[PDB]
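Just one chain is shown here, as structure tokens, and it is the form deposited in one PDB entry.
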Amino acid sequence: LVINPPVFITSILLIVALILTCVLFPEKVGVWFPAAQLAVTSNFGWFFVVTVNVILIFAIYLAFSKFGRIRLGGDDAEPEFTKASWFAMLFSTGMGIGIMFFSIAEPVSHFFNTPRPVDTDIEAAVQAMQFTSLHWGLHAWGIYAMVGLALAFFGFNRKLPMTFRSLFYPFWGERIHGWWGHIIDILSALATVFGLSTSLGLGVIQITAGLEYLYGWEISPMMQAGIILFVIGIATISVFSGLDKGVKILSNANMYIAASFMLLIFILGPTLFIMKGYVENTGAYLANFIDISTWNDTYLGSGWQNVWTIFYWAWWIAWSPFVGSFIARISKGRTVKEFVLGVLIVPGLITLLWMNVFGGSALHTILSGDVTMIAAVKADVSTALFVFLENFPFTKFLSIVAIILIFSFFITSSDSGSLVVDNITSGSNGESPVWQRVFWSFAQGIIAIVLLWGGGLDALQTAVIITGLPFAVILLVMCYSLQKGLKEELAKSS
């Protein structure tokens, strides 16, 4: 039937409270949401920057010290997931629609609308690619590495349930069960659901922009919700039996077609410029790492960071329980240093390669003289990928491949996240029998539809920033508790 801690009922109550906030106040929520979002990010952007930087340098320290000799699941455990397939399986479920919606719109947006004042067009493009490298580089995956390492260590080496409530066992003891770890699990479930709803909204907005650009359709008002309902239905079918699609084979096939799409853009585009720009921009991002990682825009105060950088940090921090729990169930016998390296460096380098392959080619097209992408981004940032594919051979085929790639990207993460929310709100792995995951996928669809009806992109950014604000202190306490637990486990072993 139904199993419930009191983390269930008040989570549903908070979700429906935001629902009637966004449906009984239809015109009064379009001014409450961006004002509250702007106040939260303008007062805590320094805290988001400090949290992300502390998390990343803690990942580097935990990989490159004596704490990296620990192996998850004890010294007798085996990896069992065939590391080349493990990289693909962690990349497919843990990423999307980030490298499709924002692979081109973000470097062009940083080109024409610069973060800090710049002199020429070449230096503006260099700054745009280095800020894209900041937003999709080591800082994006250091949070993922910390949460996956903490959840894997405290779910394997300590025999606790793989839950954010049970992660603070060395910091707080067995009194986490008495309503004081319930708030942590409430914030974890809310952050996972709101991040998945933000990804859902970005995916459907890019899909309807591509459908309007390709065939000249008119799906603004209503069948967008039908696209949501169809996608959640096929995702729950993949959750349902008959075939276990969306766990192992669909992730590998999706990564294969994503690599084929990226290689096709790399070959058909300016490959020499792409390779030289990849080397140059990776080196310039590593050289100016501390300068752009801790940049807070305090002197100019232009507010560029509040829509891009702090939104990205709150977005990656709000997807942290879902991807951290997924790679924590995945990595059963990895060395801790090897785990942090394989979650940090290799997916970070692959994401930087995707950013270079798309954004550097777009900036080469812009610097050649073609400024149609600038006007397309200034119209709406959702058509940037398809406008980029317009000046390519096989435009319609590549646009259809991109639409199918987005479709697989946000049909994999919803399937991998429904079980994560079910494990958070049920307290077990096999339990419950499979009806609540369909309800949680439908809740993600309902929240995405409601947020997109009561506001554009800014409603999703608002929701993800507000649920990621207390996760800064949650992840800092998580990092300190992981350091204490690793000290305890290393002092335990001979």
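Residue indices: 1-based, along the sequence shown. If you superpose the two forms and keep the largest set of C-alpha atoms that fall within 1.5 Å, you have the rigid core.
Same protein, other form: the form deposited in another entry, not shown, and the subject of what follows.
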ask   = If you line up the core, which of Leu286, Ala379, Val247, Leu268 has a CA that moves 2 Å or more between this form and the one not shown?
value = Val247
task = Establish whether a shift of 2 Å or more occurs at the C-alpha of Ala88 between this form and the one not shown, with the two forms superposed on the rigid core.
result = yes
ask   = Given a CA distance change of at least 3 Å, are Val247 and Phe156 closer or farther in that other deposited form?
value = farther
remark   = Working note: in that other deposited form the C-alpha atoms of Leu211 and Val247, off by 3 Å or more, come closer
